[PDB]
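Okay, so here's the structure we're looking at.
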Amino acid sequence: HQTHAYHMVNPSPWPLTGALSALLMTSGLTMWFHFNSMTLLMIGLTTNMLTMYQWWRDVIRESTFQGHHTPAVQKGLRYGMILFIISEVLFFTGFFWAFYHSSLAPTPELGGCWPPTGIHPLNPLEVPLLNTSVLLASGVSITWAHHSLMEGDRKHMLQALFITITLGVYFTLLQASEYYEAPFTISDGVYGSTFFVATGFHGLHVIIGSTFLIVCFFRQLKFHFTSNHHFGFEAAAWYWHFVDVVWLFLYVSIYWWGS
Amino acid sequence: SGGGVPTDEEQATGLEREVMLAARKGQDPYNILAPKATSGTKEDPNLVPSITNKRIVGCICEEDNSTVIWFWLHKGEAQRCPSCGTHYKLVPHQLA
Amino acid sequence: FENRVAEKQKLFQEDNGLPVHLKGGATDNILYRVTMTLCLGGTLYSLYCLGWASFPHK
Amino acid sequence: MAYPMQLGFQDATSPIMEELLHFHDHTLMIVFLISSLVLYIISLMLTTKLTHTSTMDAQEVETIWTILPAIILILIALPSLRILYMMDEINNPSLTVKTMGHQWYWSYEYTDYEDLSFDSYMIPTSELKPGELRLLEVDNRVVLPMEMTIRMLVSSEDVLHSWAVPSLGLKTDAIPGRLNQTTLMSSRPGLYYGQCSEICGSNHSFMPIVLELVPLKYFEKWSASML
Amino acid sequence: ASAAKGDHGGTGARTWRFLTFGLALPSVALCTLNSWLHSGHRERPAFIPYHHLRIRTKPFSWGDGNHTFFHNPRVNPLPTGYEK
Amino acid sequence: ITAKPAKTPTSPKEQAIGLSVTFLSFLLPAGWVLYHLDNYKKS
Amino acid sequence: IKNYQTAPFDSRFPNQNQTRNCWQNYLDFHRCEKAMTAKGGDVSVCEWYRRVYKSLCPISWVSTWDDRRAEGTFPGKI
Amino acid sequence: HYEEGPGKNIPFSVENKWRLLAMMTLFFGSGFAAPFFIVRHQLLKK
Amino acid sequence: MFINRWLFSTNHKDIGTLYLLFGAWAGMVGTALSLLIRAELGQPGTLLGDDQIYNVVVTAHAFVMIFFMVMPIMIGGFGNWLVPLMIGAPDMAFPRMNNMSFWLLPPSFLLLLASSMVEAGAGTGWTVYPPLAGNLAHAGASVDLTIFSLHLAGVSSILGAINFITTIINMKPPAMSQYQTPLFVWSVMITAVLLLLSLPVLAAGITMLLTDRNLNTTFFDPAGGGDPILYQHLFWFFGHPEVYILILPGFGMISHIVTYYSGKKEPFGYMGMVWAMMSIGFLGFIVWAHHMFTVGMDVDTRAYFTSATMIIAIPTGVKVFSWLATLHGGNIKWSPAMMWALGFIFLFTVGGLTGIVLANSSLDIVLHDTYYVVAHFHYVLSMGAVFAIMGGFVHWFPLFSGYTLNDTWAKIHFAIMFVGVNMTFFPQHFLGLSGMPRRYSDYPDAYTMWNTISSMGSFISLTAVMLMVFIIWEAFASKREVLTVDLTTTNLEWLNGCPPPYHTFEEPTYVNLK
Ligand SMILES: CCCCCCCCCCCCCCCCCC(=O)OCC(COC(=O)CCCCCCCCCCCCCCCCC)OC(=O)CCCCCCCCCCCCCCCCC
Ligand code: HEA
Ligand code: HEA
Ligand SMILES: CCCCC/C=C\C/C=C\C/C=C\C/C=C\CCCC(=O)O[C@H](COC(=O)CCCCCCCCCCCCCCCCC)COP(=O)(O)OCCN
Ligand SMILES: CCCCC/C=C\C/C=C\C/C=C\C/C=C\CCCC(=O)O[C@H](COC(=O)CCCCCCCCCCCCCCCCC)COP(=O)(O)OCCN
Ligand SMILES: CCCCCC/C=C\CCCCCCCCCC(=O)O[C@H](COC(=O)CCCCCCCCCCCCCCC)COP(=O)(O)OC[C@@H](O)CO
Ligand SMILES: CCCCCC/C=C\CCCCCCCCCC(=O)O[C@H](COC(=O)CCCCCCCCCCCCCCC)COP(=O)(O)OC[C@@H](O)CO
Ligand SMILES: CCCCCC/C=C\CCCCCCCCCC(=O)O[C@H](COC(=O)CCCCCCCCCCCCCCC)COP(=O)(O)OC[C@@H](O)CO
Ligand SMILES: CCCCCCCCCCO[C@@H]1O[C@H](CO)[C@@H](O[C@H]2O[C@H](CO)[C@@H](O)[C@H](O)[C@H]2O)[C@H](O)[C@H]1O
Ligand SMILES: CCCCCCCCCCO[C@@H]1O[C@H](CO)[C@@H](O[C@H]2O[C@H](CO)[C@@H](O)[C@H](O)[C@H]2O)[C@H](O)[C@H]1O
Ligand SMILES: C[C@H](CCC(=O)O)[C@H]1CC[C@H]2[C@@H]3[C@H](O)C[C@@H]4C[C@H](O)CC[C@]4(C)[C@H]3C[C@H](O)[C@]12C
Ligand SMILES: C[C@H](CCC(=O)O)[C@H]1CC[C@H]2[C@@H]3[C@H](O)C[C@@H]4C[C@H](O)CC[C@]4(C)[C@H]3C[C@H](O)[C@]12C
Ligand SMILES: C[C@H](CCC(=O)O)[C@H]1CC[C@H]2[C@@H]3[C@H](O)C[C@@H]4C[C@H](O)CC[C@]4(C)[C@H]3C[C@H](O)[C@]12C
Ligand SMILES: C[C@H](CCC(=O)O)[C@H]1CC[C@H]2[C@@H]3[C@H](O)C[C@@H]4C[C@H](O)CC[C@]4(C)[C@H]3C[C@H](O)[C@]12C
Ligand code: CUA
Ligand SMILES: [Cu+2]
Ligand SMILES: [Mg+2]
Ligand code: NA
Ligand SMILES: [O-]
Ligand SMILES: [O]
Ligand SMILES: [Zn+2]
């Protein structure tokens, strides 16, 4: 019998099926980009979701139902999640670097100016400003959600969390809308490239964060979270603030200054 | 304010519950805390709980030493650190 | 909704020597064998596609 | 050029490459000082039966072997940086030539007065005339006046290349959409060989550079003969 | 700064709900007002066939290979100018 | 470090066999490919 | 104001990257040539810019920038 | 429970030294051979 | 059982064992690619064909040796095996995620191998610079397969890094401070921090390269207002930290080996060795443009990057002197491992000193993209990283296996390899000053002699690689079981026997707070 507080995890097939699903998604993109075919990509996407679903299912089984998340285990998960966010900060930094590289030194081929000749930028005081207010508002509502949980208030937690998710979804539809209305494309040179790749990665992150809050919502409905033990929700909240802060830097850098 | 959110007291299970109960009775069966040292003499040895006949002891002989001295402590007479000579005695078991 | 968390604690702490990914019954086993089948199938398929692309076609 | 069993740099053809030779000698002297000192001290530590396996106290000797190295790096940095800023110095050149890298050959443009330009390809090994150097000879050499400051501008029209002439102490990368400047000053006439110094596809090994440095008068008539 | 508001008496759930409904969502409401009140089909920009735009080094691996993924014909010309 | 004697000792003759098989497993395939290089190029 | 051998040192462009030096003098020429035709004047005031741009700019760049002016796709403000 | 001790904490058997020689041969051998076959394959297309 | 044990592992020792097997195999692939390089250059003329198939081989050689041999053995292998045993931890913080780190690598390798099978392969160099790496000069799937291989390996190492940092911070004995962990553990925690901050910038860069090749972005295409130089910044911002990543776990192993075979209880100047590794980690993030001294940057930038690059010698120097001070008054055991460690100390110093020559932007003009640079980095990699790996491997093989190597054979192996790697790389300094470029399938006639000696050196190294496979076989065929280990009071990893049981520290260590 063990006299430490750490979790010895049952042998699991999900690491292997995640690794193999990574192969199927990267093969699949290669088959898509070059041999115009999506089959392999479709299978890899499917095995990826089935893996994410069963892996995180077991984590809930291990924590809520089997009680393996001692305070020691919980300290580890906090560190793991801060470290993952930090790695995502450095990822976005490459896209900010690329943008600042191009915009502070516009080449002759653009007309030696920013924005480039021929580019009609969005107004930052229109939908960009609305997007900004939707996300900042959602940071207030998720904070209310957190304090409600800590004070033991099920109804207000769910209400605040619901508002948070609605605002996340609103931001996504407004951004889809802006993408479609926009008079430049990803192919409109380095302005289009920096714009759609930076904002598009961020948008993907809004969707991942929204999904995570929705998982949190259904878990709260089923009384998984105690007033003291709810790390799944803390992680979702930290991730959401990250998505918020990244939007502010995008708004200031790309929408306001680089227009 | 409504309620509806369970407490740890109500809903904590397995080892989380065990660690939580044991904590309230000022006890540390899962070695979450640093044990406090005695004078470590023959008559006042460091008492080393173990659920078996032997347990690895690490002795930080002087504060701020960067090197821990490692040895197996067995059931029986008090043993000494090979380096500073402080005394350790294996006491029992039970824990869980 | 109702707090059935205690029901699930009982079920997932049963001492039946099943690993956590199989411990919720027949469905766990179905979902597992489907996942593992799509993975092994998709892998054989990707090696075949790789073989096909290693040779030119006129 | 390089000759068989060469150990060190090609003999200098410019003041800069001369100044680099002397700096390398300085640096290498120190490299020998340090590598030999470490080898001696190793054999020192391994050649005695005498032991002392108890704790040793660190903060006295830790001082020596932080501070000495620092002074040595200043002794290298000073000359290094003098030379660096001297290679960028305000030039006042008499001629501006452009080289444009391509897969796999160099083109050269002298466009101060006339639109003179030409392609420069490696002589194949099968077409070499006795005494001509495998992989080094071009069909159309880069003729330039000796003892004159020249502005060389380097770009490419496809992938990266790099325009190098070791003898004159020159390497400037050829990047499409960019104009990189270096300055060229031969102290002597002759032929001076370089090779493409950036991986650029199938024939990266087979697109070399030959300078022909001659007096201004001969340069003038060559230019005219070449339109 | 300290914003300009007032509170800091206690940062508990009531205070954060007060900010959600009293400030956060009202801001969303104003910015939604200002937005759907400044946009109504923006006069489509003239097509000059600039070479640093409508880049096509390789066909897209969807459609006819010449259309971006959120192609809007009202505002996005192909390299050969606008369609219908 | 101290050890028991070999439980299944490896005689000189047995090492000679094992070293030979080890070397030939590296050299024979490489050698085949390298030996036939020109038959490939003439294509 | 001549005896031109080649484009002199320009303190605006003191570093190894000379791309902008080629570009500025090419705009500077075609801007001057435009203003001296639009105000009926002497086009050869613009002559220095032409000498410096012809000296520094690759032929292929000048070719391309010229065809684009003709075509009305030139991105620089003239 | 999994088996403990020398020759037991490895995914390959060391029970018979000649069967082991045969495995190690295919293993290290397949790895060293691969680049030579890749180079042969590139020469036989182009 | 096999499947549960070996495909579904949550055990740090078994995952460690998977990493060592993968690394060893990859190492065979890399050795063969390195003989093809030297076969081509062993006499004047053409062996294979154009620089394209040559540079496919040269590119694969670097990717295999760096991502599939050195990083899996040192971080995945030694790191998973030893870090828990040295801090008295029952396993890693995230043992299931730890398994995925391992299983991402064979797919990663399959994609890189696939890249050399399809089309003309990726003859880009391991830097994969556009435009040569772009969709004209490298049309088709080879470069895309290479980008995707690098993605899977970057994810593997990022997940591994989060695991190691969390384990070393969160899972020590409660009384144990960070300043009471052994130097190997320090070395892995700092490597993990560099991986976490460096690899995501690579991922961004090669993603932007993927979109330029397939979604008509122009990040790096001047046609669209892009800049090939931007790719170089992003790549080297990762690329220089990557070489410190490759050597830090080796610095750690060397500290342990030199301490052990001197019969010292601890290395000289422990806190100075921690200070030096943190200083090397930090300085290695602010020097990247010393890889870009010929691209046309401002002289004042070139002066900064020269000066900043040189300061790294100071902390590195503290480590070298501390190793020699640990030897001082030692009861020296002339073990195979000790020979590896001394070879490291001298040969890494030479490679570091040629690194300092290259730090000079003025001199780097003439030495850039020549064999001088190749000689520098093979001194620190073939005779630094690889020497630390061999030293660690023969030291700790009995811990992993329960069996001993034949020491006489191990010494014969070191002697052969020492001659081979020095005969291969020493002459390359001459080739470089004399101006022989990198990435050339063939060279002017004057360069013949040094290329012939170098190529001959590489065949001696092959004989050593072959002898090692035999040496490992002999140990498992003979079955000399370990009885007794010296100096276990200061080497916790040995204290559970050889090999340690599946579960170690089910009952944690006892350590008093005093
Ligand atoms: C030690 C290494 C590993 C041991 C294993 C064996 C292999 C290792 C070799 C190891 C034997 C070392 C021999 C020293 C090379 C002498 C060349 C020289 O004077 O170099 C001068 C220059 C420039 O040359 C010139 O511009 C003027 C040269 C004049 C030439 C005219 C006549 C030509 C004479 C014929 C020479 C034939 C070539 C023979 C050259 C040999 C070919 C293989 O070349 C260079 O920069 C090359 C320098 C490369 C930088 C590497 C750092 C080396 C330091 C560490 C070594 C340990 C030393 C510690 C203190 C000393 C104790 C060792
Ligand atoms: C483990 C791998 C490794 C390590 C540890 C290093 C260490 C160093 N490297 Fe190296 N390097 C590479 C791997 C490595 N490098 C690789 C792979 C490339 C090629 C990239 C490519 O493919 O293009 C490269 C390229 C490279 C370049 C680019 C050259 C060019 O492309 O033109 C430069 C320039 O500064 C450089 C410098 C240094 C410096 C200053 C150190 C320092 O860290 C060395 C410090 C050590 C010492 C100095 C010795 C110990 C110190 C003392 C004994 C103290 C006393 C000494 C003095 C006072 C001087 N390296
Ligand atoms: C760690 C990295 C690493 C290692 C070890 C090596 C090892 C070798 N390398 Fe390589 N090399 C590179 C990384 C490495 N190299 C890189 C990054 C480049 C630049 C690529 C580019 O320009 O794009 C390069 C370039 C390069 C060139 C220049 C190519 C050119 O410019 O055309 C040459 C030419 O000789 C060369 C040769 C060799 C040789 C003969 C060895 C021999 O020493 C090999 C001997 C074999 C070993 C050292 C392996 C032994 C160890 C094992 C098999 C592990 C076993 C482990 C266990 C059992 C646990 N290398
Ligand atoms: C271009 C311009 C350039 C200018 C550049 C100049 C400066 C940059 C700006 C800022 C940085 C300046 C200095 C930073 C240095 C140190 C600050 C030290 C503060 C500190 O450390 O204080 C601690 C933290 O303070 C805390 O968070 C704060 C606690 C606040 C309590 C009192 C606040 C009362 C103010 C009014 C309340 C407003 C209501 C807010 C709610 C509505 C929202 C609008 C004290 O914590 P404690 O005792 O545990 O409290 C517990 C009680 N609950
Ligand atoms: C609400 C916003 C969020 C949208 C999400 C839903 C569906 C879109 C699909 C994929 C988006 C996901 C990832 C982001 C990647 C690339 C940037 C794409 C951003 C985007 O969506 O931008 C669009 C371009 O999409 C295009 O063409 C490209 C279409 C997509 C092609 C698939 C790209 C896949 C390759 C990405 C590489 C993955 C590697 C990641 C590394 C992992 C970590 C190591 C813009 O539309 P447009 O018509 O050009 O201009 C508008 C004209 N009015
Ligand atoms: C981060 C917090 C600390 C503060 C950081 C401050 C340091 C650097 C950032 C600010 C520097 C901008 C200064 C701009 C002034 C000059 C404008 C300019 O133009 O610089 C340009 C480069 O800027 C560029 O992209 C710059 C792109 C940025 C590259 C640096 C990458 C660092 C990333 C790591 C940070 C991680 C921390 C995360 C923070 C939340 C290009 O150079 P030029 O030489 O002009 O090219 C033309 C030549 O022909 C002229 O000779
Ligand atoms: C076309 C669209 C494609 C999109 C594909 C991706 C889609 C969706 C991904 C959504 C993310 C969902 C993650 C949910 C994880 C649920 C498991 C969980 O949350 O587990 C919790 C622990 O957290 C833990 O392990 C921590 C779990 C951390 C997970 C966070 C990671 C987010 C990962 C995103 C990665 C992508 C990044 C972008 C790269 C391109 C359990 O502990 P507690 O909550 O304290 O409970 C215990 C109490 O009951 C006790 O009484
Ligand atoms: C097409 C382009 C290629 C794409 C390649 C994609 C690669 C792989 C896809 C398959 C991965 C999805 C499957 C889910 C992974 C779950 C990770 C996780 O959730 O791991 C958790 C810990 O990490 C933590 O907290 C925090 C860490 C959360 C990590 C997020 C996991 C997703 C991996 C994405 C990494 C992206 C990196 C971003 C920078 C590029 C749990 O630890 P375990 O060891 O499980 O158990 C511990 C037990 O005590 C719990 O009861
Ligand atoms: C790190 C995570 C990476 C995730 C990568 C996600 C994979 C990319 C998703 C691609 O999604 C598909 O894109 C196709 C684009 O090919 C769409 O159909 C396309 O196919 C038809 C013909 O090919 C056209 O007529 C349609 O207009 C066109 O939208 C298709 O509906 C859509 O599902
Ligand atoms: C860098 C790694 C390379 C290391 C050097 C390898 C040394 C060569 C040892 C093994 O090579 C064998 O040599 C034979 C040549 O002697 C080849 O047979 C070939 O040559 C014979 C005629 O000379 C014929 O009898 C055979 O049938 C014909 O296939 C055979 O295929 C090859 O395996
Ligand atoms: C069902 C549950 C009551 C507590 C319980 O389940 O026992 C209540 C409390 C909070 C409710 C939700 C929140 O009030 C947020 C939403 C409020 C809107 O009126 C729409 C429904 C809405 C999405 C609600 C759905 C559902 O009625 C919830 C989830
Ligand atoms: C446990 C083992 C996994 C084997 C592995 O990981 O290599 C099992 C799990 C599910 C099994 C698969 C499915 O249950 C059923 C499939 C149909 C046939 O029974 C054989 C192939 C088939 C595709 C199976 C192969 C293999 O027996 C699998 C993959
Ligand atoms: C004070 C600190 C740690 C002390 C401890 O708590 O053990 C020590 C560890 C290593 C020391 C440093 C290293 O010994 C290297 C340098 C040595 C010089 O003699 C002084 C500065 C120098 C930079 C030292 C300053 C300071 O004494 C450090 C940083
Ligand atoms: C290399 C990088 C630009 C990257 C890019 O062009 O995209 C630039 C951006 C900021 C620059 C630095 C800052 O301008 C501050 C310093 C200015 C000094 O004149 C040179 C060193 C100095 C430390 C610079 C070095 C280098 O040129 C940096 C780091
Ligand atoms: Cu041009 Cu190499
Ligand atoms: Cu570097
Ligand atoms: Mg280069
Ligand atoms: Na050759
Ligand atoms: O480097
Ligand atoms: O380096
Ligand atoms: Zn003691």
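For the numbers below, each heavy atom of this structure counts, side chains included, while hydrogens, waters and symmetry mates do not. One-based numbering, in listed order, for ligands and for the atoms of each. Proteins get letters first, then strands, A, B, ... in listed order; numbering begins at 1 in each.
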Evaluating non-hydrogen atoms only, which member of E:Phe60, E:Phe69, A:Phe201 is closest to atom 14 (C) of ligand 9?
E:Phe69
Nearest protein heavy atom to atom 8 (C) of ligand 9, by residue and atom, and its distance?
A:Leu41 CD2, 4.4 Å
To the nearest 0.5 angstrom, please state how far the NE2 atom of I:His376 sits from the OG1 atom of I:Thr370.
11.5 Å
Are A:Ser21 and A:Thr51 close enough that a side-chain donor and a side-chain acceptor fall under 3.5 Å?
no
Counting only heavy atoms on the protein side, is anything nearer than 4.0 Å to atom 16 (O) of ligand 9?
yes
Are the aromatic ring centres of A:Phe201 and A:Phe91 under 6.0 angstrom apart?
yes
If you measure only the distance, is there a donor-acceptor pair under 3.5 Å linking the side chains of D:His204 and D:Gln195?
no
Listed by chain and number, what are the salt bridge (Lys or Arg N to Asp or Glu O under 4.0 Å) partners of E:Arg56, not counting sequence neighbours?
none
protein heavy-atom neighbour closest to atom 21 (C) of ligand 9 works out as E:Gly63 N, 4.3 Å
Taking the minimum heavy-atom distance to atom 28 (C) of ligand 9, which of A:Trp32, E:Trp62, E:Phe70 ranks first?
E:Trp62
Determine whether any protein heavy atom is located less than 4.0 Å from atom 31 (O) of ligand 9.
no
Can you tell me if I:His151 and I:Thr207 form a side-chain donor-acceptor pair at under 3.5 Å?
yes
Checking side-chain polar atoms at under 3.5 Å, does E:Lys58 have a donor or acceptor matched by the opposite partner on I:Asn216?
no
Could any protein non-hydrogen atom be found less than 4.0 Å from atom 23 (O) of ligand 9?
yes
Hey, is I:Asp51 close enough to I:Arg439 for a salt bridge, meaning N to O under 4.0 Å?
no
Please report which non-hydrogen protein atom sits nearest to atom 6 (C) of ligand 9, along with the residue it belongs to and the distance in Å to one decimal place.
A:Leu45 CD1, 4.7 Å
Measure the distance from atom 33 (O) of ligand 9 to every protein heavy atom, then report the residue, atom name and distance (to 0.1 Å) of the closest one.
A:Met38 CE, 4.8 Å
Using side-chain heavy atoms (C-beta onward) and a distance below 4.5 Å, is I:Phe344 in contact with I:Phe251?
yes
Contacts of A:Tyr239 meeting side-chain hydrogen bond (donor to acceptor under 3.5 Å, both in side chains) (sequence neighbours excluded), chain-then-number -> A:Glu88
Who's the nearest protein heavy-atom neighbour of atom 5 (C) of ligand 9, and how far?
A:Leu29 CD2, 4.9 Å
Holding to salt bridge (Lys or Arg N to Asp or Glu O under 4.0 Å), I want the full list of residues that pass it with A:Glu181, two or more places apart in sequence or in another chain.
E:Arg74
Would you mind counting protein N, O or S atoms that sit less than 2.8 Å from the Mg ion (ligand 17)?
3
